[PDB]
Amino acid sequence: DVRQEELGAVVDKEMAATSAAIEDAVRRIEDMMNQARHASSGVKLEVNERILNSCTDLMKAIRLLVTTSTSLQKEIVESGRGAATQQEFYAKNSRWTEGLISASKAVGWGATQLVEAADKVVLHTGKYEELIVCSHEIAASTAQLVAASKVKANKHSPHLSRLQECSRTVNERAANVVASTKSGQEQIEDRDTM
């Protein structure tokens, strides 16, 4: 249970860790594009490359959402702390800060989960179904990060509206990972049955 007086430090570190985890996810997924070309070939390799790329576009959209989330948090703090330090502001609004830490943590974990599901199905024997669920779950975690950020916000900068748009974009990208996995799966099972 995080000390109230160090909540500012912990949320700053958590947002930073979530962003690093998202960057690690982009690198791992992109590295699988090269590894796939060695685990498979043909229609399977082609659809897997498309799926890995949809996953990469989703992770880049999430990268932007988290960065915008951090920007909105910092403006909320700068605007409301007055003579207090950031630490004091976070401590005084401990509830809000805790929501940020918890929501951020979940996104980080969601990214790690999605990378693992992609790895298992593309390079091993995992199910495409698992990648689809992880796609839905990470989108759910980001919408929660957005709501947790929104609580102490208002129609202000670095735009609450910009963060909300970012969420729509992530949801659209997650839907694309799903459409891409379904499209690809039915393309793989349809080349073999002739």
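The first residue of the sequence shown is number 1, and the count goes up from there.
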Of 102-110 and 74-82, the stretch whose C-alpha atoms average the higher B-factor in the entry | 74-82
Per the PDB entry, mean CA B-factor is higher for 121-129 or 154-162, namely for 154-162
Select one of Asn48, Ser54, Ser41, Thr169: the residue whose C-alpha shows the highest B-factor in the crystal structure entry.
-> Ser41
For the listed residues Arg63, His136, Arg28, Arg37, which one has the largest C-alpha B-factor as given in the deposited model?
-> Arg37
Ranked against its chain, the third holding the CA B-factor of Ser19 | middle
